[PDB]
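Notes to accompany the following structure.
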Amino acid sequence: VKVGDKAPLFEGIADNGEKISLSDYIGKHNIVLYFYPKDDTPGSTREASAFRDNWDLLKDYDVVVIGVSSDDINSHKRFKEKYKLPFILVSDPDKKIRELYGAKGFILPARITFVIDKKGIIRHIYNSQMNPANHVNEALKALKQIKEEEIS
C-alpha cells in the first residue's frame, strides 16, 4: 500500500453494531482511515482526542473519519462514549483490515493513518507510533492539499 494506489476495499463492524463497507464512502467523501493499537490507552486516547478536537475544522474538508483497532464493539462504544468521540470506530478482531493496509506492525500494531480522495486513491500515509496527536495534523495537511486541487 503506497501513495497513488487505490485504497483496498474492506468490510467490518462499526461501533454502532452496523456493518461498514469502505466502498460506501469511496467517491462520496474524502476519507481518513487511521489505525491505532488499543482503545483507551494514553497514546491512542490522545490521537482520538486530537481528531475530536478538530472535528469542526474537518467538516470544511468533506471527510469521513474511521478509526480501526483490534478491540471489540463494546470496547469501542465505551472508548467513544468516555471521550465523546464523534467519528466511526471499526473492530478488526482477526487483524484482516490491518493486514490489508500493511499496518500489522512488528513489535506492536502500527499507528498509521491513510488519507483517501474522492477517486479512491491514497493521497498520504503517515506512520508514527510516538506522535499520536500529530496524526490529525498530517491528515489535515493532506486534506488541505486535496481541497486546494478541488477549489482550482
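Quick note: residue numbers are just sequence positions, from 1. What you see below is based on every heavy atom in this structure, not just the backbone, and it leaves out hydrogens, waters and symmetry mates.
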Check: [X] side chain, [Y] main-chain N or O, donor-acceptor pair, under 3.5 Å:
| X | Y | value |
| --- | --- | --- |
| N54 | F51 | no |
| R98 | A103 | yes |
| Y61 | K144 | no |
| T41 | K38 | yes |
| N16 | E18 | yes |
| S49 | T45 | yes |

Heavy-atom closest pair, residues [X] and [Y]:
| X | Y | result |
| --- | --- | --- |
| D39 | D71 | N-OD2, 2.6 Å |
| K119 | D117 | N-OD1, 2.8 Å |
| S91 | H76 | OG-CD2, 3.4 Å |
| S69 | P37 | CB-O, 4.1 Å |
| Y25 | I31 | CB-CD1, 3.6 Å |
| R111 | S44 | NH1-OG, 3.1 Å |

Looking at [Y] and [X], is any side-chain nitrogen of the basic one under 4.0 Å from a carboxylate oxygen of the acidic one?
| X | Y | result |
| --- | --- | --- |
| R123 | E149 | yes |
| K80 | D15 | yes |
| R78 | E81 | no |
| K95 | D92 | no |

Report the distance from atom [atom1] of [X] to atom [atom2] of [Y], rounding to the nearest 0.5 Å.
| X | Y | atom1 | atom2 | answer |
| --- | --- | --- | --- | --- |
| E138 | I125 | CD | CD1 | 12.0 Å |
| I112 | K104 | CD1 | NZ | 13.5 Å |
| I20 | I13 | CD1 | CD1 | 9.5 Å |
| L9 | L100 | CG | CG | 9.0 Å |
| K118 | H29 | NZ | NE2 | 8.0 Å |

Shared hydrophobic cluster for [X] and [Y] (ILVMFWY, side-chain gaps under 4.5 Å):
| X | Y | result |
| --- | --- | --- |
| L143 | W55 | yes |
| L58 | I116 | no |
| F87 | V90 | no |
| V3 | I26 | yes |
| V64 | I122 | yes |

Taking the side chain as everything from C-beta on, heavy atoms only, tell me whether [X] gets closer than 4.5 Å to [Y].
| X | Y | value |
| --- | --- | --- |
| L57 | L140 | yes |
| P8 | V1 | yes |
| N30 | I146 | yes |
| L89 | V68 | no |

Is there a side-chain contact (heavy atoms from CB on, under 4.5 Å) between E47 and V136 once you walk through the steps? CA-CA 7 Å; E47 176 171 26; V136 62; over 6 Å; no
Establish, yes or no, whether a centroid distance under 6.0 Å links the rings of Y34 and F114.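 Between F114 and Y34, which both carry aromatic rings, the centre distance is not below 6.0 Å.
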Classify the ring geometry of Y101 against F10: parallel below 30°, tilted from 30° to 60°, perpendicular beyond 60°.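 If you compare the ring of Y101 with that of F10, the planes turn out perpendicular.
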Describe, in one word, how the ring planes of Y126 and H124 are oriented to each other, choosing from parallel (under 30°), tilted (30 to 60°) and perpendicular (over 60°).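 Ring orientation, 0 to 90° scale: parallel.
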Apply side-chain contact (heavy atoms from CB on, under 4.5 Å) to residues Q145 and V115 and explain how you reach the verdict. CA-CA 11 Å; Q145 194 95 43; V115 180; over 6 Å; no
Could you go through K147 and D62, starting from their C-alpha distance and side-chain angles, then the distance that decides it, and tell me whether this counts as salt bridge (charged side-chain N to carboxylate O under 4.0 Å, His left out)? CA-CA 9 Å; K147 191 175 185 181; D62 184 38; over 6 Å; no
Above 12 or not: heavy atoms from other molecules or residues under 6.0 Å from NZ of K77?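 Count not over threshold, so no.
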Apply side chain to side chain donor-acceptor pair (under 3.5 Å) to the pair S128 and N131, showing each step before the final yes or no. CA-CA 6 Å; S128 173; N131 306 295; 2.9 Å; yes
